[PDB]
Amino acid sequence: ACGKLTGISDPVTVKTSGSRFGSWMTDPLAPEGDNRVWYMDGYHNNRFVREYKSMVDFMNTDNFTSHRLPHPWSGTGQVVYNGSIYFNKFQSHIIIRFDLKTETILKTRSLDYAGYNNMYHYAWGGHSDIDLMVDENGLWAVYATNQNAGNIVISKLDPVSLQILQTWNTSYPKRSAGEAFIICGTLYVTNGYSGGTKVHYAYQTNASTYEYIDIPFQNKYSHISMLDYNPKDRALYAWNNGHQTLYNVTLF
């Protein structure tokens, strides 16, 4: 059921909470009936991940468990996959795989040549240099390098070893992307983080081709600091100026 993105539905406000900037997500490999929510407020100087027991508890309570990571993250580009959080260690291009339910670092590895420290942030800033994400095919990193002139680089990653399995060099400047997400092996890039937001560029990893496109999506609360696709519920999770929102998508 994989296909090209053709539409993004109007976003639902799941929660109003937190600072202007952050991330929230569910695990796409969590089993039926498990919709724990993982929540990270801020883009620097925070090592605590909130765990809400379910999407209902997230929407209707302020009850959560607080998980202490071994290091603070940078940015809002974390992802949860098969029970681990993958995140960018502060002030580095290191990725950490941390197994949430055993409080164990399972792997650390540098992401070769990636910029960090607000070098190749998305346009919103916030130390968003390295964005990790999951689609139907597995785990990916979206970043940039000096050898690719600050243009977005995509790598498919091994979720256990953190080694790069394949890399694609796009020609789109990462600092000009508001955010980005991958659906079915295609990178979709937004035009900005404020005002009238749209997906306006797509890079297809299956063919190493790109195009400019125009798929609007509602910036509901004025500023978007996190936007990722989840293949389990086929939705975009966003952090929109202190609100946690969710968009359905339409694929061809």
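The first residue of the shown sequence is 1; numbering continues from there.
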property: Residue range whose averaged C-alpha B-factor is higher in the record, 65-73 or 186-194; result: 65-73
property: Greater mean Cα temperature factor according to the PDB record, 27-35 or 47-55; result: 27-35
property: Residue with highest C-alpha B-factor in the PDB entry, from 137, 88, 102, 151; result: 137
property: Assigned third (lowest, middle, highest) for the C-alpha B factor of residue 224; result: lowest
property: Residue 15 - which third its CA temperature factor falls in, relative to the rest of the chain; result: middle
property: B-factor third for the C-alpha atom of residue 145 within its chain; result: middle
property: CA B-factor placement of residue 199, once the chain's modelled residues are sorted into thirds; result: middle
property: Chain-wide C-alpha B factor ranking for residue 112, given as lowest, middle or highest third; result: highest
